[PDB]
Amino acid sequence: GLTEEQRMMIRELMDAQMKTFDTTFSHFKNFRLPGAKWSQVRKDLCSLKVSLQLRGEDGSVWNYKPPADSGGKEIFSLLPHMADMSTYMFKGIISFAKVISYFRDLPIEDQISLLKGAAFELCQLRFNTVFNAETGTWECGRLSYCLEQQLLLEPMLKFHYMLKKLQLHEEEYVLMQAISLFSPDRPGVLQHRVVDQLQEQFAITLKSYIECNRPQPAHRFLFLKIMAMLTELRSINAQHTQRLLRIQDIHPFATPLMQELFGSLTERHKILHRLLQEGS
Amino acid sequence: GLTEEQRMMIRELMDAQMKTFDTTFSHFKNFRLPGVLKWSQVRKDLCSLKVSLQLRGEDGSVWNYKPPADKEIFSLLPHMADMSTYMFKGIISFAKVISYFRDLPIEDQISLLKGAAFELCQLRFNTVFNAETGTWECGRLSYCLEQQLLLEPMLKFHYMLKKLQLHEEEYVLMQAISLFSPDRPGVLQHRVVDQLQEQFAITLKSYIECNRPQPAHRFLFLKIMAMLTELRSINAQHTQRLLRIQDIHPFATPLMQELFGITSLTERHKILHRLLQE
Ligand SMILES: CCC[C@H](CC)Oc1ccc(C(C)(C)C)cc1NC(=O)c1nnn(-c2cc(C)c(OC)cc2OC)c1C
Ligand SMILES: CCC[C@H](CC)Oc1ccc(C(C)(C)C)cc1NC(=O)c1nnn(-c2cc(C)c(OC)cc2OC)c1C
């Protein structure tokens, strides 16, 4: 059984996920729409090619088929839209962290440093909960992103297919979010041991939950599988971040909030600082 | 062959068609699109006319609009109102090039263009219609339909007319015969336009005899005239249903309101009068 401290830790995380994750994407509007290492960027960008479907309240459907790779900026057509979506998702991640009692008690320098290092990873974990592995589509309410064994080569697509195969619960997803958020080895964190103390209790709570709720033989070593996925997500974060910084200086697409996340801390992270001081 | 006067009439009509028909639709711009957000009688008609909008981009991307199943039934009417308006402005310029049309009084020029507006649009639309795929290919824009379709007279017209496989000269002659209809409302010089229409029909009949196999196309001219008569029926059939829709959900552009009668002949068609004098 779970200790009372662990039972209330899970309920606080799940309560935070409910209040901050707009699974229907009803409040996501006002977004843009399409009107050697460079070759590796283009190849991975081609592997991540998706078609955008926008369903309307009346029943109509707008569908956007991306262009084919012919050399030029046409393969970066959906990046401005994806930058508006990532910013909307990250704002929900900010509100998720503010609701957590263990997070708001941290200094404002560590709150910015932690959210800077876990922004991409927290966004990927929420995307996997709406990812359709049967059709290769991210069902984001009114919006859909359908991909166009060789695509599993791209580590970001393989991560979503492998993570979806585990069939995690809501409690396990939100515990992965906490472990990813309270990483003591992020750049800029000062209270290394304090956030390390918090991270271990989330992993201990996750390990206790799985042992008390998943006796099935298909769930053997599930906790260690999850921890191995979090280490893999740390890598893909580095792979995708360096990939986008190379696209940003050639073809600028990042929203003002994304530029701060990529690089006093509160002085060059004004948008994130004001959002941390605001309320629900 | 044809007489020199008939050869000049065809050369003049082909010259007008070339200068005023944008076959690529490259100059069709700034049109409304569906946003991202007898009632049963009319609803059945345009439900049979339900089409999807495809929009090809310069880079190769394709935006496709899927209309909704049965106010949502009139989602593509603002866009079609901008399309019909763009088409008519080319119809006006087509009539202004024909010498037999300028010499008519400005009131009769309005009356003829008012009665032949819908018909000359369908005739030009037919030249870009693909019967195999059921799509009107208007350059970057495509309109694909969504035996059940032949019951609709407007769809049966485009399929039967395309089946005749007319030449460019036969299409523009249909436009002239349709334009110079002597029985349009408000026409005063009916005797002049009747004799003008007869010369176009005689030229069309003579063209078919001289440029087609004699026994195979023995009734091609009479088939064409039957299509024009059928097109007049569809004209009143589509004008009434849109006049009903306009009272419910306004969509017609200012120029369409004058053509339908929404508020002297030139005083009730100020926009159409101005375009004729420019
Ligand atoms: C991967 C699964 C989810 C999506 C479908 C919904 O799949 C795609 C499908 C297609 C495309 C293309 C448009 C083809 C490039 C992109 C993506 N996906 C991203 O482009 C993304 N995913 N995360 N981030 C990101 C987010 C934040 C807060 C951040 O802050 C430091 C940094 C980030 O990247 C370094 C980002 C920017
Ligand atoms: C049939 C071939 C043409 C198109 C595709 C190219 O197919 C459609 C496909 C779908 C739809 C719907 C939006 C579903 C209703 C309409 C249409 N089609 C028209 O909406 C039209 N066709 N002609 N007219 C029109 C034009 C003029 C100058 C006018 O002035 C007196 C009056 C008119 O209507 C009475 C008009 C207004």
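Calculation rules
Residues numbered from 1 in each chain as written, not as in the entry; some residues may be left out. Chains lettered and ligands numbered in written order. Heavy atoms only, no water. Residues with missing side-chain atoms left out of burial classes, pairs and counts. Contact = heavy atoms within 4.5 Å. Nonpolar A, V, L, I, M, F, W, Y, C, P; charged D, E, K, R; others polar. Pairing = 2+ DSSP bridges. Helix = DSSP H or I, 4+ residues; strand = E, 2+ residues; numbered from the N terminus. UniProt positions renumbered as here; feature names shortened; annotations may be inferred. Buried < 20%, exposed > 50% of the residue type's maximum accessible area, 1.4 Å probe, protein only. Near = heavy atom within 4 Å. Polar contact = N/O pair within 3.5 Å; in protein donor to acceptor, adjacent residues only side chain to side chain. Areas by Shrake-Rupley, 256 points an atom, 1.4 Å probe, with all protein chains shown as cover. Axes fitted to C-alpha atoms, helices over the stretch in contact; angles between N-to-C directions. Left-handed = near helix turned anticlockwise from the far one by under 90°. Parallel < 35°, antiparallel > 145°, perpendicular 65-115°, else oblique.

Trainee: Mind showing me how you'd approach the interface of chain A and chain B here?
Mentor: On the side of chain B, 16 residues touch chain A, which itself brings 16 residues to the contact. Broken down by class, the residue content of the side of chain A that touches chain B amounts to eight nonpolar, four polar and four charged. Where strand 2 (residues 61–65) of chain A meets strand 2 (residues 62–66) of chain B, five bridges bridge the pair, whose relative direction is antiparallel. Bridge assignment links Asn63 of chain A to a residue of strand 2 of chain B, and that residue is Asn64 of chain B.

Trainee: Honestly, the UniProt feature "binding site: hyperforin" in chain B in this entry has me stumped. Any pointers?
Mentor: Residues and elements named next belong to chain B. The sites that carry the UniProt feature "binding site: hyperforin" are, in the present numbering, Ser84, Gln122, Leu123, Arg124, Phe125 and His238. Since its relative accessible area comes to 22%, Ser84 is described here as partly exposed. In this structure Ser84 touches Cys121 and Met256, once residues within four positions along its chain are discounted.

Trainee: Explanation requested: the site of ligand 1 in the structure shown.
Mentor: Residue and element names in this part refer to chain A. Lining the immediate environment of ligand 1, one finds 21 residues, of which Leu48, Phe120, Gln124, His160 and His240 sit closest. Between ligand 1 and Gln124 there is a distance of 2.8 Å, counted from a nitrogen atom to a side-chain nitrogen or oxygen. In the complex, 97% of the free accessible area of ligand 1, which totals 810 Å², lies under the protein chains. At the level of elements, helix 3 (79–99), helix 5 (108–129), helix 6 (155–165), helix 9 (222–250) and helix 10 (256–262) are the ones that each hand at least two residues to the shell around ligand 1. Here the element with the most residues in the shell around ligand 1 is helix 5; it accounts for five residues. Residue composition of the shell around ligand 1, grouped by class: 16 nonpolar, five polar and no charged.

Trainee: Explanation requested: the sheet that holds strand 2 of chain B in the structure shown.
Mentor: Sheets are built from strands paired through backbone hydrogen bonds, the pairs being either parallel or antiparallel. In space, the ten strands of this open sheet follow the order 3(A)-4(A)-5(A)-1(A)-2(A)-2(B)-1(B)-5(B)-4(B)-3(B), with antiparallel pairing throughout. Across the chains shown, the open sheet's two edge strands, defined by having one partner strand only, are strand 3 (131–132) of chain A together with strand 3 (129–130) of chain B.

Trainee: Mind showing me how you'd approach unusual backbone geometry here?
Mentor: Negative phi characterises most residues that are not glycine, and trans characterises most peptide bonds. One non-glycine residue, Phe25 of chain A, lies in the positive phi region at around 55°. With respect to the helices, strands and loops of the structure, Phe25 of chain A is situated in the loop between helix 1 (4–20) and helix 2 (37–47). Overall, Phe25 of chain A belongs to the buried group, its relative accessible area being 3%. Located in the positive-phi region is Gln165 of chain B, a residue other than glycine, with phi close to 55°. Looking at where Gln165 of chain B falls in the secondary structure, it is placed in the loop between helix 7 (153–163) and helix 8 (168–179).

Trainee: Would you mind showing me how to read the packing of helix 5 of chain A against helix 11 (residues 270–277) of chain A here?
Mentor: Geometrically, a packed helix pair is captured by the angle between its two axes and the distance between the axes. Residues and elements named next belong to chain A. Running from N to C, helix 5 and helix 11 point in directions that differ by 115°, and their axes come no closer than 11 Å. Once helix 5 is placed against helix 11, the crossing between them reads as right-handed. Touching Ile108, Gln111, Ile112 and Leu115 of helix 5 are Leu272, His273 and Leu276, all from helix 11. Considering only residue class, the contact of helix 5 with helix 11 consists of five nonpolar, two polar and no charged.

Trainee: How do you make sense of the pairing of strand 2 of chain A when you look at a structure like this?
Mentor: Residues and elements named next belong to chain A. With four of its five residues buried, strand 2 lies for the most part within the structure. Inspection of the sheet shows strand 1 (residues 50–55) paired to strand 2 by four bridges, in the antiparallel sense. If you follow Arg55 over to strand 2, its bridge partner there is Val61. Remark: five residues form the turn of the hairpin made by strand 1 and strand 2, two consecutive strands paired antiparallel; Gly59 in that turn has positive phi of roughly 115°.

Trainee: How do you make sense of the site of ligand 2 when you look at a structure like this?
Mentor: Residue and element names in this part refer to chain B. In the neighbourhood of ligand 2, 21 residues make up the surrounding shell, with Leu49, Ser84, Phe118, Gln122 and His238 lying closest. At 2.8 Å from a nitrogen atom of ligand 2 is found a side-chain nitrogen or oxygen belonging to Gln122. When isolated, ligand 2 has an accessible area of 810 Å², and the protein chains bury 96% of it. If one sorts the elements of the shell around ligand 2 by residue count, helix 6 (residues 117–126) sits on top with five residues. Of the residues contributing to the shell around ligand 2, the split by class is 16 nonpolar, five polar and no charged.

Trainee: Hey, could you run me through the UniProt feature "binding site: hyperforin" in chain A in this one?
Mentor: Residues and elements named next belong to chain A. Feature annotation in UniProt assigns "binding site: hyperforin" to the following positions: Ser86, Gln124, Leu125, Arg126, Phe127 and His240. Mapped onto the fold, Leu125 is located in helix 5. If we skip the residues at most four places from it in the chain, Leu125 touches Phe159, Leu163, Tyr173, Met176, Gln177 and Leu233. Structurally, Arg126 can be placed in helix 5. Owing to a relative accessible area of 1%, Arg126 belongs among the buried residues under this scheme. Apart from the residues lying within four places of it in its own chain, the contact partners of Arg126 are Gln17, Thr20, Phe21, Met89, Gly92, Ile93, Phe96 and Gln177. A distance of 3.1 Å separates polar atoms of two side chains, one belonging to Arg126 and the other to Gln17.

Trainee: Before we go on, may I ask you to explain the packing of helix 1 (residues 4–20) of chain B against helix 3 (residues 77–97) of chain B in this structure?
Mentor: All names here are of chain B. Put simply, helix 1 and helix 3 touch, their axes get as near as 9 Å, and they point 150° apart. Judged on the interaxial angle alone, helix 3 and helix 1 are roughly antiparallel. Judged by the sense of rotation from one axis to the other, the crossing of helix 1 with helix 3 is right-handed. Contact residues: helix 1 offers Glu12, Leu13, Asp15, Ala16, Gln17 and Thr20, while helix 3 offers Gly90, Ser93, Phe94 and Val97. Considering only residue class, the contact of helix 1 with helix 3 consists of four nonpolar, four polar and two charged.

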